[PDB]
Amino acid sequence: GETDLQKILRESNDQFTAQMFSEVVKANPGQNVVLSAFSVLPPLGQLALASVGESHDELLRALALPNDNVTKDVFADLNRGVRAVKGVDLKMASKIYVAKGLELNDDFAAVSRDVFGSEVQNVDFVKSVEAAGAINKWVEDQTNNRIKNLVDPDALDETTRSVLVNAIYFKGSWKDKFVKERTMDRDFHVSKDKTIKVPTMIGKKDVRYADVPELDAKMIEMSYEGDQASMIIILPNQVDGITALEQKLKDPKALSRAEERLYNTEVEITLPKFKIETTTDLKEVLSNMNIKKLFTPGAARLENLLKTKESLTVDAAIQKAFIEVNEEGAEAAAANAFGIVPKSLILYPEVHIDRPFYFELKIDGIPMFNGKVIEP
């Protein structure tokens, strides 16, 4: 039963993830990005249930959903398994802010808290620094102060009737960690001409490896504790093969097909540490994915969000994401081999993630976020 709500919720994500991915890359050229396409779906499903007419049909098209009959069950399902668990520290947040001078539907700011978990909050938009600070604060309290300054006052005015803030944080513990004493600056090829030295983590990992010809890249999958979360790295065979890989990654299936060539092996991984903080304009991005009526006056038709079935549209939609990759993990701390540590020395084939790559967190069959690293 619930299999027809999840293996259906996985198909939508893959379409949206691949779409959200290309758009952010096209918005932040020549730089590192990180985004959570998955976390933006619930607010849209929450928004497709206030928006009526051609607005609803546009959102449902993009969300890859049939109707808002199943949209509620998909998110009411997703909303009953949304806390913590083993291996990683994922922090997904989403909220709608409607100008204080608005009368919303009292009953459905509950089907928002009891199906979407969120609440619809009124804030004095006329007070940019008071309204902007109040927003950054709920986002800063929801991410343990990991994501501060989500919105800026030069983006608000009481022209602004509504804003959609979205925050996602990630930092995980490997199934088997890297030693800090083993981290040193090693080469990284920013380009076929350039080569810099970056703090590169060295360590052996029991990973799932795959040489993918269709992408002209190498796919490695390193697992975090519990074996539910996995770091997906697709390294192009060419130093500059990244923008060419992005193109092939526009195929929502290129990943599933790449994960079937994936085999189990023990290799010495050489991974650079990396942090990425990306502030995405979901308005611009989503509007470039065929969802323009939501952020458009008189076309949005947010007559269910309100008690009065009145004039409303979205003014802003931000996404701030923060990934963090380091040596942190499991299996004690230093000369770490096995139970009783035999004094033997086993060397494994080396895999150097020494060129621009695409990554992604797979939290059990579903990529919760992704991006690309051009220079750590």
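The first residue of the sequence shown is number 1, and the count goes up from there.
Comparing 359-367 with 18-26, the stretch with the higher mean C-alpha B-factor in the PDB entry is 359-367. With 240-248 and 78-86 compared on mean CA B-factor from the PDB entry, the stretch scoring higher is 78-86.
If you compare the C-alpha temperature factors of 235, 282, 156, 291 in the entry, 156 comes out highest. Sorting 318, 325, 34, 63 by the CA temperature factor given in the entry leaves 63 at the top. Sorting the modelled residues of the chain by their CA temperature factor places residue 224 in the middle third. For residue 191, the recorded CA temperature factor ranks within the middle third of the chain's modelled residues. Sorting the modelled residues of the chain by their CA temperature factor places residue 97 in the highest third. For residue 295, the recorded CA B-factor ranks within the middle third of the chain. Only modelled residues enter the ranking.
Sort the modelled residues of the chain by CA B factor and residue 350 lands in the lowest third.
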